[PDB]
file run.cif (mmCIF, C-alpha atoms)
data_input
loop_
_atom_site.label_atom_id
_atom_site.label_comp_id
_atom_site.auth_asym_id
_atom_site.auth_seq_id
_atom_site.Cartn_x
_atom_site.Cartn_y
_atom_site.Cartn_z
CA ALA A 1 -17.39 7.96 64.51
CA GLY A 2 -20.50 9.27 66.25
CA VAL A 3 -23.76 7.53 65.35
CA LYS A 4 -25.86 8.28 68.44
CA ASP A 5 -25.33 11.93 67.57
CA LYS A 6 -26.08 11.71 63.86
CA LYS A 7 -29.13 9.50 64.33
CA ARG A 8 -30.46 12.01 66.83
CA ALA A 9 -29.78 14.95 64.49
CA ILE A 10 -31.73 13.27 61.70
CA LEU A 11 -34.72 12.61 64.00
CA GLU A 12 -34.79 16.16 65.40
CA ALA A 13 -34.46 17.64 61.91
CA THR A 14 -37.34 15.46 60.68
CA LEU A 15 -39.61 16.67 63.49
CA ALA A 16 -38.64 20.26 62.66
CA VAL A 17 -39.50 19.83 59.02
CA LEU A 18 -42.83 18.21 59.82
CA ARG A 19 -43.70 20.88 62.39
CA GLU A 20 -42.88 23.25 59.50
CA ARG A 21 -44.33 21.78 56.30
CA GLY A 22 -46.44 18.97 57.71
CA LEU A 23 -46.04 15.37 56.61
CA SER A 24 -47.01 16.50 53.09
CA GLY A 25 -44.13 18.94 52.59
CA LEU A 26 -41.48 16.71 54.17
CA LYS A 27 -38.45 16.38 51.91
CA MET A 28 -35.46 14.29 52.93
CA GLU A 29 -33.28 16.97 51.33
CA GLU A 30 -34.31 19.48 53.96
CA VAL A 31 -33.99 16.88 56.69
CA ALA A 32 -30.52 15.91 55.51
CA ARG A 33 -29.59 19.60 55.24
CA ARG A 34 -30.93 20.53 58.67
CA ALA A 35 -29.25 17.39 60.05
CA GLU A 36 -25.98 18.33 58.32
CA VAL A 37 -25.52 14.94 56.68
CA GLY A 38 -25.70 13.65 53.14
CA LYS A 39 -29.05 12.31 51.95
CA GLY A 40 -27.37 8.96 51.35
CA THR A 41 -26.16 9.07 54.94
CA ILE A 42 -29.72 9.06 56.32
CA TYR A 43 -30.30 5.75 54.53
CA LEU A 44 -27.43 4.27 56.51
CA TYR A 45 -29.35 4.90 59.73
CA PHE A 46 -32.85 4.19 58.43
CA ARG A 47 -33.94 1.75 55.70
CA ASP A 48 -36.12 4.36 53.98
CA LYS A 49 -38.24 7.42 54.71
CA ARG A 50 -41.20 5.59 56.22
CA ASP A 51 -38.73 3.71 58.40
CA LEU A 52 -37.40 7.10 59.66
CA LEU A 53 -40.88 8.46 60.31
CA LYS A 54 -41.62 5.24 62.18
CA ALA A 55 -38.60 5.78 64.43
CA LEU A 56 -39.64 9.38 65.05
CA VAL A 57 -43.24 8.64 66.03
CA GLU A 58 -42.10 5.75 68.24
CA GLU A 59 -39.56 7.96 69.99
CA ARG A 60 -42.08 10.76 70.51
CA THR A 61 -44.61 8.26 71.85
CA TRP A 62 -42.02 6.63 74.13
CA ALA A 63 -41.27 10.12 75.43
CA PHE A 64 -44.91 10.86 76.20
CA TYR A 65 -45.20 7.64 78.21
CA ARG A 66 -41.96 8.32 80.05
CA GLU A 67 -43.44 11.68 81.11
CA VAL A 68 -46.76 10.21 82.20
CA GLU A 69 -44.98 7.46 84.09
CA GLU A 70 -42.88 10.10 85.87
CA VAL A 71 -45.99 12.03 86.91
CA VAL A 72 -47.78 8.92 88.10
CA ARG A 73 -44.78 7.97 90.26
CA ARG A 74 -44.04 11.43 91.70
CA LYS A 75 -44.49 11.95 95.45
CA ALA A 76 -47.57 14.19 95.14
CA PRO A 77 -51.29 13.95 95.98
CA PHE A 78 -53.41 11.68 93.77
CA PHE A 79 -55.56 14.56 92.54
CA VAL A 80 -52.61 16.78 91.61
CA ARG A 81 -51.03 13.85 89.66
CA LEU A 82 -54.37 13.02 88.02
CA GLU A 83 -54.84 16.57 86.87
CA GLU A 84 -51.24 16.67 85.58
CA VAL A 85 -51.72 13.42 83.63
CA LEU A 86 -55.01 14.66 82.07
CA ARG A 87 -53.50 18.01 81.04
CA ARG A 88 -50.62 16.21 79.39
CA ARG A 89 -52.95 13.67 77.76
CA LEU A 90 -55.07 16.49 76.30
CA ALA A 91 -51.97 18.19 74.86
CA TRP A 92 -50.87 14.82 73.46
CA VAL A 93 -54.23 14.06 71.81
CA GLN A 94 -54.01 17.41 70.00
CA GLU A 95 -50.46 16.79 68.86
CA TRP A 96 -51.54 13.31 67.72
CA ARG A 97 -54.59 14.53 65.80
CA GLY A 98 -52.55 17.27 64.20
CA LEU A 99 -49.59 15.17 63.09
CA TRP A 100 -48.68 11.77 64.54
CA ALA A 101 -51.82 9.94 63.40
CA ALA A 102 -50.96 10.71 59.77
CA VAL A 103 -47.30 9.92 60.45
CA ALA A 104 -48.11 6.58 62.06
CA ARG A 105 -50.30 5.62 59.09
CA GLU A 106 -47.58 6.59 56.62
CA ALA A 107 -44.82 4.96 58.65
CA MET A 108 -46.45 1.63 59.50
CA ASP A 109 -48.54 -0.61 57.29
CA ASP A 110 -50.08 -2.39 60.29
CA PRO A 111 -50.28 0.29 63.03
CA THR A 112 -53.58 -0.73 64.67
CA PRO A 113 -51.99 -3.38 66.93
CA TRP A 114 -49.26 -0.95 67.97
CA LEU A 115 -51.94 1.62 68.78
CA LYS A 116 -53.87 -0.97 70.82
CA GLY A 117 -50.70 -1.70 72.79
CA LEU A 118 -50.25 2.02 73.54
CA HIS A 119 -53.85 2.26 74.72
CA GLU A 120 -53.27 -0.76 76.99
CA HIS A 121 -50.10 0.85 78.33
CA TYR A 122 -51.96 4.12 79.10
CA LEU A 123 -54.67 2.12 80.92
CA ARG A 124 -52.01 0.41 83.05
CA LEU A 125 -50.48 3.77 83.99
CA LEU A 126 -53.91 5.07 85.09
CA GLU A 127 -54.59 1.86 87.06
CA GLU A 128 -51.25 2.32 88.79
CA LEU A 129 -52.23 5.92 89.56
CA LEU A 130 -55.60 4.79 90.88
CA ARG A 131 -54.08 2.09 93.15
CA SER A 132 -51.80 4.78 94.58
CA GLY A 133 -54.85 6.94 95.26
CA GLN A 134 -56.55 4.00 96.95
CA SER A 135 -53.55 3.52 99.24
CA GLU A 136 -53.59 7.26 100.00
CA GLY A 137 -57.30 7.32 100.76
CA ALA A 138 -58.12 9.60 97.80
CA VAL A 139 -59.83 6.88 95.78
CA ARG A 140 -62.51 4.50 97.09
CA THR A 141 -61.07 1.03 97.60
CA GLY A 142 -64.31 -0.43 96.27
CA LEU A 143 -63.45 0.86 92.79
CA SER A 144 -61.86 -1.49 90.29
CA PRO A 145 -58.61 0.17 89.07
CA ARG A 146 -58.99 -1.46 85.67
CA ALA A 147 -62.61 -0.48 85.03
CA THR A 148 -62.08 2.99 86.44
CA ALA A 149 -58.92 3.52 84.32
CA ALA A 150 -60.92 2.70 81.15
CA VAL A 151 -63.49 5.36 82.05
CA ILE A 152 -60.85 8.00 82.76
CA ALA A 153 -58.98 7.10 79.56
CA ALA A 154 -62.10 8.09 77.57
CA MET A 155 -61.08 11.77 77.22
CA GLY A 156 -59.91 12.89 73.78
CA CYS A 157 -62.71 12.99 71.20
CA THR A 158 -64.34 16.29 72.16
CA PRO A 159 -62.97 19.81 71.51
CA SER A 160 -65.15 20.96 74.42
CA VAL A 161 -58.62 24.26 78.76
CA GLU A 162 -58.09 25.51 82.33
CA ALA A 163 -61.76 26.15 83.12
CA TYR A 164 -62.74 22.95 81.39
CA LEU A 165 -60.23 20.86 83.30
CA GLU A 166 -61.41 22.17 86.69
CA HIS A 167 -64.96 21.00 85.95
CA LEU A 168 -63.73 17.59 84.75
CA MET A 169 -61.69 17.22 87.98
CA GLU A 170 -64.78 18.12 89.99
CA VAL A 171 -66.79 15.37 88.25
CA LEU A 172 -64.00 12.81 88.51
CA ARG A 173 -63.66 13.53 92.19
CA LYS A 174 -67.33 13.75 93.23
CA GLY A 175 -69.53 12.83 90.27
CA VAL A 176 -72.73 14.81 89.73
CA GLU A 177 -75.10 13.45 92.41
CA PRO A 178 -75.70 15.55 95.53
CA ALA B 1 -96.47 14.46 46.49
CA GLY B 2 -94.25 16.25 48.99
CA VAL B 3 -90.70 17.52 48.45
CA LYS B 4 -89.41 16.09 51.75
CA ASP B 5 -90.98 12.73 50.87
CA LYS B 6 -89.21 12.42 47.53
CA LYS B 7 -85.96 13.70 49.06
CA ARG B 8 -86.19 10.95 51.67
CA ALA B 9 -86.89 8.24 49.09
CA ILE B 10 -83.87 9.40 47.11
CA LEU B 11 -81.62 9.31 50.19
CA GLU B 12 -82.75 5.81 51.18
CA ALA B 13 -82.07 4.59 47.64
CA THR B 14 -78.68 6.29 47.83
CA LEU B 15 -77.78 4.40 50.99
CA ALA B 16 -78.92 1.15 49.34
CA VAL B 17 -76.75 1.68 46.28
CA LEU B 18 -73.83 2.68 48.55
CA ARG B 19 -74.13 -0.48 50.65
CA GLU B 20 -74.25 -2.77 47.63
CA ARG B 21 -71.81 -1.04 45.27
CA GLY B 22 -69.65 1.39 47.21
CA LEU B 23 -69.32 5.06 46.33
CA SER B 24 -67.22 3.96 43.35
CA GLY B 25 -70.22 2.16 41.92
CA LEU B 26 -72.64 4.95 42.72
CA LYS B 27 -74.27 6.52 39.69
CA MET B 28 -77.09 9.08 39.68
CA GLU B 29 -78.68 6.87 37.04
CA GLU B 30 -78.76 3.94 39.49
CA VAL B 31 -80.16 6.07 42.30
CA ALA B 32 -82.95 7.41 40.06
CA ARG B 33 -83.80 3.82 39.17
CA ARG B 34 -84.15 2.57 42.75
CA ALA B 35 -85.88 5.78 43.85
CA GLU B 36 -88.25 5.57 40.87
CA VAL B 37 -87.80 9.14 39.70
CA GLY B 38 -86.31 10.64 36.57
CA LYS B 39 -82.60 11.33 36.36
CA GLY B 40 -83.45 15.02 36.07
CA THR B 41 -85.42 14.74 39.30
CA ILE B 42 -82.32 13.45 41.08
CA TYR B 43 -80.21 16.33 39.75
CA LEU B 44 -82.87 18.91 40.57
CA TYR B 45 -82.95 17.73 44.19
CA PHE B 46 -79.21 17.07 44.42
CA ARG B 47 -76.77 18.97 42.19
CA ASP B 48 -73.86 16.55 42.51
CA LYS B 49 -72.90 13.26 44.09
CA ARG B 50 -71.23 15.30 46.84
CA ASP B 51 -74.44 17.08 47.89
CA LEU B 52 -76.16 13.71 47.91
CA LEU B 53 -73.73 12.34 50.54
CA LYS B 54 -73.92 15.55 52.58
CA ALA B 55 -77.69 15.32 52.81
CA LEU B 56 -77.28 11.67 53.77
CA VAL B 57 -75.15 12.33 56.85
CA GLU B 58 -77.41 15.19 57.90
CA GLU B 59 -80.47 12.97 57.76
CA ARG B 60 -78.96 10.24 59.89
CA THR B 61 -77.58 12.77 62.36
CA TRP B 62 -80.80 14.72 62.82
CA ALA B 63 -82.48 11.36 63.25
CA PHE B 64 -79.99 10.58 66.05
CA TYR B 65 -80.79 13.88 67.74
CA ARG B 66 -84.50 13.17 67.65
CA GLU B 67 -83.76 9.87 69.34
CA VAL B 68 -81.75 11.63 72.08
CA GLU B 69 -84.22 14.51 72.40
CA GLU B 70 -86.88 11.86 73.02
CA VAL B 71 -85.01 10.25 75.92
CA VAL B 72 -84.08 13.69 77.32
CA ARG B 73 -87.65 15.01 77.51
CA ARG B 74 -89.02 11.66 78.67
CA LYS B 75 -90.61 11.67 82.14
CA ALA B 76 -88.17 9.34 83.91
CA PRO B 77 -85.39 9.59 86.53
CA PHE B 78 -82.39 11.68 85.45
CA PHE B 79 -79.93 8.77 85.68
CA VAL B 80 -82.20 6.49 83.68
CA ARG B 81 -82.22 9.03 80.86
CA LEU B 82 -78.50 9.74 81.13
CA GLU B 83 -77.50 6.08 80.72
CA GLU B 84 -79.97 5.68 77.81
CA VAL B 85 -78.51 8.73 76.10
CA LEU B 86 -74.94 7.50 76.65
CA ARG B 87 -75.82 3.99 75.42
CA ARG B 88 -77.32 5.53 72.26
CA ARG B 89 -74.36 7.83 71.87
CA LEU B 90 -71.93 4.89 71.94
CA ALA B 91 -73.86 2.96 69.30
CA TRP B 92 -73.85 6.14 67.22
CA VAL B 93 -70.07 6.66 67.45
CA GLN B 94 -69.53 3.07 66.32
CA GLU B 95 -71.87 3.70 63.41
CA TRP B 96 -69.99 6.92 62.64
CA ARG B 97 -66.48 5.42 62.59
CA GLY B 98 -67.73 2.62 60.37
CA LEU B 99 -69.28 4.83 57.69
CA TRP B 100 -70.54 8.34 58.38
CA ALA B 101 -67.04 9.65 59.05
CA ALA B 102 -65.95 8.74 55.52
CA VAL B 103 -69.21 9.99 54.03
CA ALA B 104 -68.89 13.31 55.84
CA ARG B 105 -65.34 13.52 54.50
CA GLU B 106 -66.49 13.04 50.93
CA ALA B 107 -69.39 15.42 51.52
CA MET B 108 -67.15 18.48 51.55
CA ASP B 109 -63.59 19.78 51.49
CA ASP B 110 -63.70 20.81 55.15
CA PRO B 111 -66.26 18.97 57.39
CA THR B 112 -65.10 20.35 60.75
CA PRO B 113 -67.09 23.62 60.71
CA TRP B 114 -70.22 21.59 59.98
CA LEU B 115 -69.29 18.82 62.41
CA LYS B 116 -68.60 21.32 65.18
CA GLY B 117 -72.15 22.52 64.59
CA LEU B 118 -73.30 18.98 65.38
CA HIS B 119 -71.22 18.65 68.55
CA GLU B 120 -73.27 21.72 69.54
CA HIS B 121 -76.76 20.26 69.20
CA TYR B 122 -75.69 17.26 71.33
CA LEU B 123 -74.20 19.60 73.97
CA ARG B 124 -77.42 21.61 74.19
CA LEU B 125 -79.34 18.38 74.74
CA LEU B 126 -77.00 17.31 77.58
CA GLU B 127 -77.25 20.80 79.12
CA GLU B 128 -81.06 20.51 79.00
CA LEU B 129 -80.87 17.06 80.59
CA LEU B 130 -78.56 18.30 83.33
CA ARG B 131 -80.78 21.30 84.13
CA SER B 132 -83.65 18.82 84.41
CA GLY B 133 -81.57 16.63 86.69
CA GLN B 134 -80.84 19.70 88.85
CA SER B 135 -84.55 20.49 89.32
CA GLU B 136 -85.09 16.80 89.98
CA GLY B 137 -82.52 16.69 92.79
CA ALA B 138 -80.36 14.12 91.03
CA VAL B 139 -77.65 16.60 90.01
CA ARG B 140 -75.83 19.01 92.36
CA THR B 141 -77.15 22.52 91.84
CA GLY B 142 -73.69 24.07 91.99
CA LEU B 143 -72.58 22.37 88.74
CA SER B 144 -72.39 24.47 85.58
CA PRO B 145 -74.78 22.85 83.07
CA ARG B 146 -72.63 23.94 80.13
CA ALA B 147 -69.34 22.82 81.61
CA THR B 148 -70.72 19.54 82.85
CA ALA B 149 -72.36 18.87 79.46
CA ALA B 150 -68.92 19.38 77.87
CA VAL B 151 -67.39 16.93 80.35
CA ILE B 152 -70.04 14.30 79.67
CA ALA B 153 -69.69 14.80 75.91
CA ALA B 154 -65.97 13.98 76.36
CA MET B 155 -66.07 11.23 79.02
CA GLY B 156 -68.63 9.62 76.72
CA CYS B 157 -66.14 8.75 73.97
CA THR B 158 -65.47 5.10 73.14
CA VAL B 159 -68.14 -6.05 75.75
CA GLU B 160 -70.02 -3.10 77.23
CA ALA B 161 -69.43 -3.32 80.98
CA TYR B 162 -68.02 0.09 80.21
CA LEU B 163 -71.35 1.88 80.55
CA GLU B 164 -72.06 0.64 84.10
CA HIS B 165 -68.65 1.84 85.32
CA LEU B 166 -68.95 5.12 83.44
CA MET B 167 -72.30 5.67 85.19
CA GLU B 168 -70.83 4.94 88.62
CA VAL B 169 -68.04 7.51 88.04
CA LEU B 170 -70.46 10.08 86.58
CA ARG B 171 -72.78 9.64 89.53
CA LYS B 172 -70.23 9.71 92.36
CA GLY B 173 -66.67 10.18 91.14
CA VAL B 174 -63.79 8.24 92.74
CA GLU B 175 -63.27 9.99 96.10
CA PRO B 176 -64.47 8.37 99.37
#
call {"tool": "encode", "arguments": {"input": "run.cif", "output": "structure tokens"}}
result
Amino acid sequence: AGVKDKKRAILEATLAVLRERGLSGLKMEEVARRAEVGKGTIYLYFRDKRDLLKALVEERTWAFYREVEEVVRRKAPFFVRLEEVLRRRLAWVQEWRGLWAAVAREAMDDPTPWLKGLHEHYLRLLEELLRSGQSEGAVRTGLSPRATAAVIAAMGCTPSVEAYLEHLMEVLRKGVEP
Amino acid sequence: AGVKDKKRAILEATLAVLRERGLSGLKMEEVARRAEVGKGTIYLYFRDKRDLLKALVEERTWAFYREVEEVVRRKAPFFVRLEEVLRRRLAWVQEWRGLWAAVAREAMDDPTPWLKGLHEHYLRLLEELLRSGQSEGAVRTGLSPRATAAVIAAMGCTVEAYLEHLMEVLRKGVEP
């Protein structure tokens, strides 16, 4: 009588299939097989396929934010946490471009508002990080956490890495003026 | 009277037809009509509808670069030029998401190789601007022009209070 287990198996199997055949090759038969459940069984946990994909992308996204939140709240210097958040964000943008964007579209008919909410949540996490830096003396108190979070959140549309990140951190810390 | 002149007239007519009929309603016949050239002329210049759209994105893009190249080589303070370039870049990205992205996509099976080539021209222009800023004394000489150009290209992704705050971070970061 285990549902938490089965539901999890279906979600992990779905991710595996996608990471294997991409959204285009996804067949519930392989998901059901990898999950070790009947195909009809999956429809007892999820309305349909797009409903299942929706649960998977939401869970993956929830996980990314749980990780960022953990980094932001760790007892560590502002600049170490900032660099850790940016590295994770960069990895996430790549995973999103390569899979979740298509999944989200397929899974939700009206995803734009959900996406806006995620962007707002990311901004709040960076503002929280910035306020911590202000209290630690790493960030100028004169800076608006909100406005500064929006600027930092801007990474993600350029393919430009380790070297790269070090230069970005240098600019975020000191800017370019002598 | 001039290959590049007729090419241009054809592309402008193409954009007109696209804006008032969509790609679905785009016919070479209709483009030839607005461009005032024979249908054969259209096909000589552009083999298929796909090469027509490709040429269209290229023209608008190279026109963007000339706009940026103009600010970059302008005799003005480094930060004045940087903000101008970034303001123009933002307007361009908006323009791109609203149309050019889809056009590029229809232009060819795989746009990326060609689009990466564009990211390049912009990067070279930022590098040139940064080297200028370094001679000017507005940009720390220890910064790598290439690396910093890559950073600015990124940080420049998309009310507009945004620009003023972006400039403050680009100029002095967040550290006291």
call {"tool": "resolve_selection", "arguments": {"input": "run.cif", "expression": "the PyMOL selection byres ((chain A) within 10 of (chain B))", "output": "JSON, numbers by chain"}}
result
{"A": [79, 130, 133, 134, 137, 138, 139, 140, 141, 142, 143, 144, 147, 148, 149, 150, 151, 152, 153, 154, 155, 156, 157, 158, 159, 160, 163, 164, 165, 166, 167, 168, 169, 170, 171, 172, 173, 174, 175, 176, 177, 178]}
call {"tool": "closest_residue", "arguments": {"input": "run.cif", "among": "B:75, B:8, B:39, B:121", "to": "residue 61 of chain B", "atoms": "all atoms listed in the file"}}
result
B:121
call {"tool": "closest_residue", "arguments": {"input": "run.cif", "among": "A:122, A:64, A:45, A:78", "to": "residue 96 of chain A", "atoms": "only C-alpha atoms"}}
result
A:64
call {"tool": "resolve_selection", "arguments": {"input": "run.cif", "expression": "the PyMOL selection byres ((chain A and resi 12) around 12)", "output": "list in words"}}
result
residues 5, 6, 7, 8, 9, 10, 11, 13, 14, 15, 16, 17, 18, 19, 30, 31, 32, 33, 34, 35, 36, 52, 53, 55, 56, 57, 59 and 60 of chain A
call {"tool": "atom_distance", "arguments": {"input": "run.cif", "atom1": "atom CA of residue 71 of chain A", "atom2": "atom CA of residue 85 of chain A"}}
result
6.7 Å
call {"tool": "closest_residue", "arguments": {"input": "run.cif", "among": "A:29, A:162, A:109, A:67", "to": "residue 50 of chain A", "atoms": "all atoms listed in the file"}}
result
A:109
call {"tool": "closest_residue", "arguments": {"input": "run.cif", "among": "A:68, A:22, A:108, A:99", "to": "residue 87 of chain A", "atoms": "all atoms listed in the file"}}
result
A:68
call {"tool": "closest_residue", "arguments": {"input": "run.cif", "among": "B:99, B:40, B:60, B:71", "to": "residue 22 of chain B", "atoms": "all atoms listed in the file"}}
result
B:99
call {"tool": "decode", "arguments": {"input": "run.cif", "residues": "segment 90-103 of chain A", "atoms": "N, CA, C and O atoms", "output": "PDB file, in the first residue's frame"}}
result
ATOM      1  N   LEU A  90      24.094  28.771 -13.213  1.00  0.00           N
ATOM      2  CA  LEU A  90      24.622  28.525 -14.552  1.00  0.00           C
ATOM      3  C   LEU A  90      24.332  27.072 -14.959  1.00  0.00           C
ATOM      4  O   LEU A  90      23.894  26.814 -16.078  1.00  0.00           O
ATOM      5  N   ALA A  91      24.581  26.127 -14.053  1.00  0.00           N
ATOM      6  CA  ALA A  91      24.298  24.720 -14.345  1.00  0.00           C
ATOM      7  C   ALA A  91      22.798  24.562 -14.600  1.00  0.00           C
ATOM      8  O   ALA A  91      22.376  23.864 -15.537  1.00  0.00           O
ATOM      9  N   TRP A  92      21.988  25.226 -13.779  1.00  0.00           N
ATOM     10  CA  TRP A  92      20.532  25.146 -13.930  1.00  0.00           C
ATOM     11  C   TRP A  92      20.039  25.716 -15.258  1.00  0.00           C
ATOM     12  O   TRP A  92      19.178  25.113 -15.899  1.00  0.00           O
ATOM     13  N   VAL A  93      20.572  26.870 -15.673  1.00  0.00           N
ATOM     14  CA  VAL A  93      20.149  27.473 -16.940  1.00  0.00           C
ATOM     15  C   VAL A  93      20.381  26.518 -18.113  1.00  0.00           C
ATOM     16  O   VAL A  93      19.557  26.428 -19.024  1.00  0.00           O
ATOM     17  N   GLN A  94      21.498  25.805 -18.065  1.00  0.00           N
ATOM     18  CA  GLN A  94      21.879  24.844 -19.091  1.00  0.00           C
ATOM     19  C   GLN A  94      20.971  23.621 -19.090  1.00  0.00           C
ATOM     20  O   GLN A  94      20.665  23.049 -20.132  1.00  0.00           O
ATOM     21  N   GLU A  95      20.572  23.195 -17.903  1.00  0.00           N
ATOM     22  CA  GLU A  95      19.690  22.055 -17.790  1.00  0.00           C
ATOM     23  C   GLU A  95      18.315  22.488 -18.295  1.00  0.00           C
ATOM     24  O   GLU A  95      17.609  21.724 -18.959  1.00  0.00           O
ATOM     25  N   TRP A  96      17.943  23.727 -17.979  1.00  0.00           N
ATOM     26  CA  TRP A  96      16.654  24.280 -18.385  1.00  0.00           C
ATOM     27  C   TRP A  96      16.560  24.453 -19.904  1.00  0.00           C
ATOM     28  O   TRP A  96      15.559  24.073 -20.523  1.00  0.00           O
ATOM     29  N   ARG A  97      17.606  25.014 -20.500  1.00  0.00           N
ATOM     30  CA  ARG A  97      17.636  25.223 -21.943  1.00  0.00           C
ATOM     31  C   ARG A  97      17.609  23.890 -22.672  1.00  0.00           C
ATOM     32  O   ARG A  97      16.979  23.751 -23.716  1.00  0.00           O
ATOM     33  N   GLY A  98      18.313  22.913 -22.113  1.00  0.00           N
ATOM     34  CA  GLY A  98      18.404  21.612 -22.738  1.00  0.00           C
ATOM     35  C   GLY A  98      17.268  20.641 -22.505  1.00  0.00           C
ATOM     36  O   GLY A  98      17.245  19.583 -23.132  1.00  0.00           O
ATOM     37  N   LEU A  99      16.324  20.975 -21.629  1.00  0.00           N
ATOM     38  CA  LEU A  99      15.223  20.057 -21.366  1.00  0.00           C
ATOM     39  C   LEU A  99      13.964  20.630 -20.739  1.00  0.00           C
ATOM     40  O   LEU A  99      12.894  20.547 -21.334  1.00  0.00           O
ATOM     41  N   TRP A 100      14.085  21.215 -19.549  1.00  0.00           N
ATOM     42  CA  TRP A 100      12.915  21.724 -18.825  1.00  0.00           C
ATOM     43  C   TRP A 100      12.046  22.806 -19.471  1.00  0.00           C
ATOM     44  O   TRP A 100      10.865  22.935 -19.133  1.00  0.00           O
ATOM     45  N   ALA A 101      12.620  23.597 -20.367  1.00  0.00           N
ATOM     46  CA  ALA A 101      11.856  24.641 -21.035  1.00  0.00           C
ATOM     47  C   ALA A 101      10.827  23.950 -21.935  1.00  0.00           C
ATOM     48  O   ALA A 101       9.656  24.310 -21.950  1.00  0.00           O
ATOM     49  N   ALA A 102      11.283  22.952 -22.682  1.00  0.00           N
ATOM     50  CA  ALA A 102      10.393  22.208 -23.567  1.00  0.00           C
ATOM     51  C   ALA A 102       9.375  21.453 -22.712  1.00  0.00           C
ATOM     52  O   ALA A 102       8.179  21.443 -23.015  1.00  0.00           O
ATOM     53  N   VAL A 103       9.844  20.846 -21.623  1.00  0.00           N
ATOM     54  CA  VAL A 103       8.947  20.110 -20.740  1.00  0.00           C
ATOM     55  C   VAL A 103       7.851  20.995 -20.166  1.00  0.00           C
ATOM     56  O   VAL A 103       6.669  20.617 -20.148  1.00  0.00           O
TER      57      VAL A 103
END
